[PDB]
Structure formats: structure tokens, C-alpha cells
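Coming up are structure 1 and structure 2: the same protein chain in two forms, each one given alone as C-alpha cells.
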Structure 1
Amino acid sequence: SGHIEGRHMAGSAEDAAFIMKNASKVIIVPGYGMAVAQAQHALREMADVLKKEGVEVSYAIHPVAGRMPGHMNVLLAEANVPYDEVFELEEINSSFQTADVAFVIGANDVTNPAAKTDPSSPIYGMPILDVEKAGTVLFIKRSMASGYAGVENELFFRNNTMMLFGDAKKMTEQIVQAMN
């Protein structure tokens, strides 16, 4: 069950299910972590349960999310995620404010502004994804560890931010189950 630990909120699979199953608009943010666990098929399934419940789903892709340009796009296509539901940062970063939930699965650095200050990084000087602008922000990852940038993300401590610790694929699978 959920609970507070340190300066962050640690939710559970059911919390995420309850929150999303009851929202009207969710925006999924896929990152490296999703690729490591090959959670794309589970993720698309989740999107299918939500869409069936009337919820509005779309995906926000950051230019350098993952480990190669367009990495998330091919993974989502692989899971048969409808092409029209995937959007690039420049054409959807402003839609976070009108979204109840921001489902951030396996992403970190692509949401953190503190990550684009290193000039030797592929993300240097690039706009970040505005996940905070949404009602609630779910972060699916194994721990409180940093990303490729090695810097700490300050969104893990926000009020509208709930951490869902676990494997990107395993956790998404539990959430799907909890949703039925």
C-alpha cells in the first residue's frame, strides 16, 4: 500500500490504477527504462484498458529519450501503439497542463531541467518535457537512482509526484491487472 518515505511519495500499483482509471486525460512518457525491460507491449495494453474506459491517451516523445534518436518511436510501433497517438515534444509539451495524469515510464533525464546543463551530453540545450504541468505525475522506475546525466531530479519531491518503484514491465503488468 502507499506511504511516505524520505521526501517523496511511494504509491502502489493499485494507486496508479485508481488514479488513471478515474482520470479523463493521460499522457504517457516513455524512456530508457521502458526499453531495458521491453515493457512496450505491457504499456500498450494498459493504454488499451484506459481507452476502453473512456480515458484519453497520447504519448510524448523526447528527442533523445532512450539511447538512439527515435528509439521510443520504433519500440511503440513494435507494440502496435497507434501512430497518431505518438507526439514529438514540440507538438505536445504544452498539453501537459490540460492533462490529469502524466505517466512517466522509465524516463528521468527527459523531464529534468538539471540534466541539460552538461555540454557533453546528447541532451545539452534541449527543451525538457513539462510533466509537472499535469494533475498527477507517476514515475515508474526501480529506485531513486539518477539517469544517464547522473544528476538528481527535483520532480521526485513535488507534491503532485508519486513514485511507483519496480521494474518498468513488471509494474505496468501489475497496474493492468489492478485495473480490470
Structure 2
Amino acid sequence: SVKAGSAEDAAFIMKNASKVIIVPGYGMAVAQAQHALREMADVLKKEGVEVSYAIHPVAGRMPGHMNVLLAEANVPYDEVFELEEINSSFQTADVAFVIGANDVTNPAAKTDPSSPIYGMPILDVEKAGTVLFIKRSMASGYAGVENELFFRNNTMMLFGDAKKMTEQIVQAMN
């Protein structure tokens, strides 16, 4: 069921990728993990990897929550996309780097009427080859429900603080 990983082996994935799509959520904001995220990104772009940020509509706890932080971290806007614009690109992307995001990817919204998120459009991050989740623990998100993606063959949990975990990764990507 639960497949766990480390920063050292999280770097083995994205280094060995041709296209990666970043999915930042509320946990990325709580940890203030954005300067390290931008740092991880341009390391890869310098290595030839394709990088993009999938910013979800209700990601975070306010409109544009993710945007101001990434904007402060000097992420180019030409690499940032709305759900509607990138949601299909997960097909081709072989790795989905999900930092601090949870509810925003939960397929319970797409296939479970009893779910309190049912009907909400999500980012299709189960389509990409591997699915990475940075997350302190197994706790739920704002919704209060549990996420099926966690217990999947192409999913690995990177348990820890989104900041430190991302710095550890950058330093494992040396």
C-alpha cells in the first residue's frame, strides 16, 4: 500500500526524467518552501529536464496563494499554468512533483458522490509516470478525507517538512 521514499532517492527520480510538472499546495506555503522549490527547478532545467508548475484554482487557502510565493521566489510566469491549460499534459510528463498539495489532486472529487469535494475539478496527477508527494505525515488536507493516490504503484510519499525535504533534494541533486 504505502510506498515511502527519501530526499536522496527523490532526486534519483526527477534527475532521471525528461519532463516534470510541479504541483504546489497549502503545505508548500506553511513550510515557506518556495525558494528551495525554485532552486530545485532551475537545477533540472540546467540539466535538460522539462519543468512546469500546475497551479490549481482553490490551491492554498486564498486566491493566488501559490502565485505570490512563487512570484517572490522568481519563478518565471511562462512556466506557470492554470488547471485548464496544463491538466492534459500529465499524460506526457513522467513525474509529478506534488509539494504540500493534497485535496487538489484527490480523485474522490471525480468518482465519489458522498465525498465533500465531489464535483470539484482537480489536477490529473495520477496520469504521470510517477507521483511524488511531499508531506509531513498521512494526515488529511482541508477536506478531511483521505487520498487514494497515496496507496498506488506509481506514488511515493516523501514524509517530512516541505522546506527541509526540498532543500535535502536540491543538495542530493548537486
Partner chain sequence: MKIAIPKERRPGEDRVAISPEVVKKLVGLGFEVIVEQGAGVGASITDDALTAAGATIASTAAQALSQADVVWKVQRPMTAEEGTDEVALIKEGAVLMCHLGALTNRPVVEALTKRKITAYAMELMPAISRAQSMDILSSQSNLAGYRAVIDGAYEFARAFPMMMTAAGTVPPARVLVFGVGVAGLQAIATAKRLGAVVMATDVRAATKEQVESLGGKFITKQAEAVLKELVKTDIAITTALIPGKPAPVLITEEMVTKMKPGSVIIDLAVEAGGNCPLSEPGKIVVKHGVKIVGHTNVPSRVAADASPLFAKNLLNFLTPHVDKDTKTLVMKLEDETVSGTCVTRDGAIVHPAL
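Think of the rigid core as the biggest set of C-alphas that the two forms share within 1.5 Å after superposition. Only residues modelled in both forms are compared. Throughout, residue numbering runs from 1 along the sequence of structure 1.
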| item | value |
| --- | --- |
| Structure, 1 versus 2, that is the form deposited without the partner chain | 1 |
| Mobile residue between structures 1 and 2, C-alpha criterion 2 Å or more, rigid core, from 35, 155, 123, 151 | 123 |
| Core-aligned C-alpha movement of residue 114 between structures 1 and 2 reaching 2 Å | yes |
| Core-aligned Cα shift of residue 93 between structures 1 and 2, given in Å | 0.3 |
| Residue ranges moving between structures 1 and 2 (criterion: at least three consecutive CA positions shifted 2 angstroms or more, core aligned) | 113-126 |
